[PDB]
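1. no sequence for this one, just the structure:
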């Protein structure tokens, strides 16, 4: 899954006051899904139709 570090530089994701990676295009905080195998957070945009890996 694409990493947030990349999306940010591209201008798709943005950091909030609480360091919450959300799609700057929508503004609304993305829905974080469970990650059993992944040891990090994952932000998926149901509006844009994409996913990003956020390292906490």
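-> Everything's here; your move. Numbers count the residues shown, from 1 in each chain.
2. From residue 31, how far off is residue 5?
-> 20 Å (Cβ to Cβ, to the nearest Å). Backbone N, C-alpha and C define where each C-beta goes, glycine included.
3. Between these two, point out the one with more neighbours.
-> Between residue 5 and residue 31, counting by other Cβ atoms under 10 Å, residue 5 is the more crowded of the two (13 against 10).
4. Was I right to think that one contacts residue 55?
-> Yes: with contacts counted by Cβ atoms under 8 Å, residue 5 reaches residue 55, the gap being 7.5 Å.
5. Please look at residue 51 and residue 35 and confirm they touch.
-> No: using Cβ under 8 Å, residue 51 is not in contact with residue 35; the gap is 11.3 Å.
6. Between the two, which contacts overlap?
-> Shared contacts of residue 51 and residue 35, defined by Cβ atoms under 8 Å, 6 or more residues apart in numbering, are found at residue 42.
7. of those two, who's got more company?
-> Here residue 51 and residue 35 are set side by side on neighbour count (other Cβ under 10 Å), and the busier one is residue 51, at 16 against 12.
8. List the residues that contact residue 47.
-> Contacts here follow Cβ under 8 Å, 6+ apart; on that basis residue 47 touches 23, 26, 28.
9. Please report how far it lies from residue 16.
-> Between residue 47 and residue 16 the distance is 17 Å, computed by Cβ to Cβ.
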